[PDB]
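Descriptive structure summary
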Number of protein chains: 2
Amino acid sequence: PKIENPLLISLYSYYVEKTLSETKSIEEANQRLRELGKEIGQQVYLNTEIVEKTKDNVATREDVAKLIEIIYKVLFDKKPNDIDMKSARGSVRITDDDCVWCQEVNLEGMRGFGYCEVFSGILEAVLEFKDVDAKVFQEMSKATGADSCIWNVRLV
Amino acid sequence: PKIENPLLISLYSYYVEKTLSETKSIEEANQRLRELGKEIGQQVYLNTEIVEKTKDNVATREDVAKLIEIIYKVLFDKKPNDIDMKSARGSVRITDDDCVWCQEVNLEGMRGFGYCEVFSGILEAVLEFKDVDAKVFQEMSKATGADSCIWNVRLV
Ligand SMILES: [Zn+2]
Ligand SMILES: [Zn+2]
């Protein structure tokens, strides 16, 4: 049962349980984890190579895709398993088969809960630095029984 | 200024700032960080090699020192810069010149605040799993301008 980055996932699991206990609904929990991601995305953008490797003018869905690839290589030393520009019209969908956030997590009866919504917030924060108004949510999470984690980035 | 594990560092930084805003004294903030550490410590003991690589019967000061070395190897893939059972008789002092928690943090003021007290709690929790009663506190932190981070493990 090998775990990568045990400190990070233990701290995140703590935040997830705290969030679930301090909110009234699954949707409120999703939004609170997104807010957490937006708050830590500020430091993650400025304190890492992301602010140096990304360009100032992010205009198109293809530019957003490139920006996502830069985030992934800087934070996780890999590419996303898929970036899908066509299935959700007006969106960019990102797939990760080995998400760091939910390793070995198994929640039942919580299919509406985006366990890894912190990453939705981190992407919204980075796009906001580029003055790209975006809405990001998690479509699927291995934590709730899916085969991969998938986030949906809508430029809106 | 390159940072190791930027997601962990930023998430922890969020926790510290929220803790400082919610507590009524620096020592209360210190205690909240140690309590977070104890919770993290439970997860890192159950979900890493620490439990499989450490002795079951920890009886001497020398045994506690070797346990600390194993924690450091598993969590950080390094040894502490110093483990001191000399300067503080009855306690064990751990020195880390490149602490993960406070990379690039430079607080102003905050005398008495241990930015990295989360690791005091992790240590206290692991020792507790080994039936070793300890109180752990941070002597100094690079976040408040020291050149090193030092934690003091007091036995009994
Ligand atoms: Zn995930
Ligand atoms: Zn430190």
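Rules behind the numbers
Residues numbered from 1 in each chain as written, not as in the entry; some residues may be left out. Chains lettered and ligands numbered in written order. Heavy atoms only, no water. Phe/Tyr/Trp six-rings, centres within 6.5 Å; stacked < 30°, edge-to-face > 60°. Helix = DSSP H or I, 4+ residues; strand = E, 2+ residues; numbered from the N terminus. Patch = residues over 30% accessible without salt bridge, like charges linked within 9 Å, V, L, I, M, F, W, Y side chains within 5 Å. Areas by Shrake-Rupley, 256 points an atom, 1.4 Å probe, with all protein chains shown as cover. Salt bridge = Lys/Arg side-chain N within 4 Å of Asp/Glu carboxyl O. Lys, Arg positive; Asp, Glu negative; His and termini not counted. Charge placed at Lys NZ, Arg CZ, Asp CG, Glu CD. Buried < 20%, exposed > 50% of the residue type's maximum accessible area, 1.4 Å probe, protein only. Core = buried A, V, L, I, M, F, W, Y, C linked by side-chain atoms within 4.5 Å. Contact = heavy atoms within 4.5 Å. Pairing = 2+ DSSP bridges. Axes fitted to C-alpha atoms, helices over the stretch in contact; angles between N-to-C directions. Buried area = accessible area lost by both parts, 1.4 Å probe. Polar contact = N/O pair within 3.5 Å; in protein donor to acceptor, adjacent residues only side chain to side chain. Nonpolar A, V, L, I, M, F, W, Y, C, P; charged D, E, K, R; others polar.

Chain A goes by TRAPPC3 from Thorarchaeota AB25 in the PDB entry, where it is assigned to Candidatus Thorarchaeota archaeon AB_25. According to the PDB record, the title of this entry is "TRAPPC3 from Thorarchaeota AB25".

**Overview of the packing of aromatic side chains**
Each aromatic ring pair is described using two quantities: the centre-to-centre distance and the angle formed by the ring planes. Counted under the stated rule, the structure contains 19 aromatic pairs over all chains. Ring centres of B:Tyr72 and B:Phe119 lie 5.5 Å apart, and the angle between their planes is 90°; this geometry places the pair in the edge-to-face category. Placement of the pair is B:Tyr72 in helix α4 (residues 61-76) and B:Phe119 in helix α5 (residues 117-129), with a sequence separation of 47 residues. By way of ring pairs, the aromatic residues A:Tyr12, A:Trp101, A:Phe113 and A:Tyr115 are connected into one cluster.

**A closer look at a negative patch on the surface**
All names here are of chain A. A surface patch of like charges, here negative, comprises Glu4, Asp82, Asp97, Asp98 and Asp147. Position of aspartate 147 relative to the elements: it lies in the loop between β3 (134-140) and β4 (149-155). Among the residues examined, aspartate 147 registers a relative accessible area of 75% and is labelled exposed.

**Concerning the nonpolar core**
One finds A:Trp101, A:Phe119, B:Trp101 and B:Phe119 to be the most contacted residues of the largest nonpolar core, which totals 93 residues. Not counting chain neighbours up to four residues away, the residues in contact with B:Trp101 comprise A:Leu7, B:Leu8, B:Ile9, B:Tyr12, B:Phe76, B:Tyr115, B:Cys116, B:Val118, B:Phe119 and B:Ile122.

**Details of the sheet that holds strand β2 (residues 91-96) of chain B**
Sheets are built from strands paired through backbone hydrogen bonds, the pairs being either parallel or antiparallel. Residues and elements named next belong to chain B. An order of β1-β2-β4-β3 is seen for the four strands of this open sheet, with the pairing classed as antiparallel. Two strands in the sheet have a free side with no partner beyond their single neighbour: β1 (82-84) and β3 (134-140). In this sheet, neighbouring strand axes are inclined to one another by 20° on average, regardless of whether the strands run parallel or antiparallel. In the sheet, β3 pairs with strand β4 (residues 149-155) via six bridges, with the strands oriented antiparallel. Directly across from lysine 135, in β4, lies its bridge partner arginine 154. Here α5 sits on the sheet in contact with β2, β3 and β4, set at roughly 160° to β3.

**What to know about the pattern of salt bridges**
Residues and elements named next belong to chain A. Counted under the stated rule, the structure contains 22 salt bridges over all chains. Here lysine 55 and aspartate 63 are joined by a salt bridge, their closest N and O atoms 2.9 Å apart. Relative accessible area serves as the criterion here: at 17%, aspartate 63 is assigned to the buried category. Taken together, the shared-partner salt bridges in this structure form one network comprising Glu27, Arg34 and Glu117.

**Observations regarding the interface of chain B and chain A**
In this complex, chain B contributes 23 residues to the contact, which on the side of chain A involves 23 residues. Summed over both partners, the interface of chain B with chain A buries about 2,100 Å², with 74% contributed by carbon and sulfur atoms. Sorting the residues of chain B by area buried against chain A places B:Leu7, B:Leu11 and B:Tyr14 first, and these three jointly supply 32% of that buried surface. At the surface where chain B touches chain A, the tally comes to zero salt bridges. Where chain B touches chain A, the interface holds three residue pairs in polar contact. Elements with a contribution of two residues or more to the side of chain B that touches chain A: α1 (6-22), α2 (26-46) and α4 of chain B. Ranked by the residues each element gives to the side of chain B that touches chain A, the list is headed by α1(B), at ten residues. A class-by-class count of the residues in the side of chain B that touches chain A yields 17 nonpolar, six polar and no charged.

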